[PDB]
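Taking it in order: structure first as structure tokens, then the write-up.
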Amino acid sequence: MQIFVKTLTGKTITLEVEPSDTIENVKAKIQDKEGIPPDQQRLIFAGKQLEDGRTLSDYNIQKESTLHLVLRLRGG
């Protein structure tokens, strides 16, 4: 599967994750292809904070995922 992520610039970044991943590795997956650390990469899904040790089959998304990334105050 892939999902969107709104962040940075480049008409939304596309993000190859399956409906079985763990948010620990997804936060990784994104932060790694975004060339950024977890100390700024901030995983949300649908207005929910995530638990890292949680499976994608519970958080349950396809396309509508668009988990988006927010930073401010932290980082500098």
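Letters for chains follow the order of the structure tokens (A, B, ...), residue numbers begin at 1 for each chain, and ligand numbers begin at 1 in the order shown.
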Contact check, range 6-41 of chain A to range 47-71 of chain A, at most 9 Å, counting only C-alpha atoms, closest pairs as a Markdown table:
```
| residue | atom | partner | partner_atom | distance |
| --- | --- | --- | --- | --- |
| A:6 | CA | A:68 | CA | 4.5 |
| A:7 | CA | A:69 | CA | 5.4 |
| A:8 | CA | A:69 | CA | 8.5 |
| A:17 | CA | A:56 | CA | 9.0 |
| A:18 | CA | A:56 | CA | 7.5 |
| A:19 | CA | A:56 | CA | 4.9 |
| A:20 | CA | A:56 | CA | 4.8 |
| A:21 | CA | A:56 | CA | 5.2 |
| A:22 | CA | A:55 | CA | 4.7 |
| A:23 | CA | A:52 | CA | 4.4 |
| A:24 | CA | A:52 | CA | 4.4 |
| A:25 | CA | A:52 | CA | 8.0 |
| A:26 | CA | A:52 | CA | 8.6 |
| A:27 | CA | A:52 | CA | 8.0 |
| A:40 | CA | A:71 | CA | 6.2 |
| A:41 | CA | A:69 | CA | 6.5 |
```
Q: Using DSSP on the backbone, list every residue of chain A that comes out as alpha helix (DSSP H), and give them as a ChimeraX atom specification.
A: /A:23-33,56-59
**Q.** CA of residue 76 in chain A to CA of residue 9 in chain A, straight-line distance in Å
**A.** 19.7 Å
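Every residue of range 2-73 of chain A with a DSSP assignment of strand (DSSP E), taken from the backbone, is listed as residues 3, 4, 5, 13, 14, 15, 44, 45, 48 and 49 of chain A.
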